[PDB]
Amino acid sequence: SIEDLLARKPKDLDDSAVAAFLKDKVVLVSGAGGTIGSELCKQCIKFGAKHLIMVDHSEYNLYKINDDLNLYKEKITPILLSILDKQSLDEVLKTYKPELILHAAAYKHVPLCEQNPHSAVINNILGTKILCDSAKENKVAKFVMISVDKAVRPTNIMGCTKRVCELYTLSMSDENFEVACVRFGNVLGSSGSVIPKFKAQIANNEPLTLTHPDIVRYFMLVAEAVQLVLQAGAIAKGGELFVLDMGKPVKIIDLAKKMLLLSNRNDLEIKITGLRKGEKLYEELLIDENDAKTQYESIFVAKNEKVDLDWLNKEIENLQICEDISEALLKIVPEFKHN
């Protein structure tokens, strides 16, 4: 498959380290039924968690991960809930008392977040704030947030919201509440992504729609990225911003041409449709020459400074009442260059 070709095959996967980290923990995964969340759930079971609390607001996604894990039904609890509902979330944390939260709930589609910037702010930034605050209040030991390469020097609403989430969570970290954020690039074949789009175009005898002939993305298999996130979480002492080594990036045109070749449909045209609002031709390379190494060659630690939460809480209030979200985000993330 195209997925096989573009896998990272990291040499530094470490099952026993992840097992030592997760063994007999109560773990709560937000966005449990999503592309990333579902793989986190599966690896929590694989690596010995005692009790998995699966939180998702999408009933089909929750249904599906719970069904996928039916052999482990006695050790999993499906919680149908938005992380925006602080009272209910608080009751869940009090009831089950997780020691680890893995936070993979967010809105991610760049065009939809450009079209719905208030909902992006609410779901991503406020959702993160509510979940992180409830975690810290309820004495959750460790909190790992999934982040993304689009958070680095962002040019779109989505990526900027994730950068605010990084600032918030990392600035919450202290001696009793250890926070890590892990940035990585595209996961092969995630929900609503380019590979399934191109497969559907081919199955329907449609030209492939390519945004720009030069566009590239970095890719990893979901199982690779997730296990590396868990390795990073295991070694985290709190306050770390981790970045994953994605390998070489992939030109999307080469992806398109390879899928046409694999399907034997080279009679199909590749049609160029144009770069979309806020879209980058090349996402930022994650690992900086001054980032710190870890014991895993695939995981580095990027610099981050805490911000004053009295400031950031005020600005988060502002984002909820302001007439121009793009301008309000720029006040928090001065490197935001909204395309």
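The numbering used is simple: start at 1 and walk along the sequence shown.
Per the PDB record, of the two stretches 95-103 and 110-118, 95-103 carries the greater mean B-factor over its C-alpha atoms. For the pair 43-51 and 290-298, the mean Cα B-factor is higher in 290-298. Remark: of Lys248, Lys129, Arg183, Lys237, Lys237 shows the highest value [criterion: C-alpha B-factor in the PDB entry]. Ranking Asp254, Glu224, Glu166, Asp133 by the C-alpha B-factor listed in the PDB entry places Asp254 at the top. Ranked against the other modelled residues of its chain, the C-alpha B-factor of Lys314 as given in the entry falls in the highest third.
When the modelled residues of the chain are ordered by C-alpha B-factor, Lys306 sits in the highest third. Remark: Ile215 belongs to the middle third of its chain, ranked by C-alpha B-factor as recorded. Among all modelled residues in this chain, the alpha-carbon of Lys271 has a temperature factor (C-alpha) in the highest third.
Among the modelled residues of its chain, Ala328 has a C-alpha B-factor that falls in the highest third, as given in the PDB entry.
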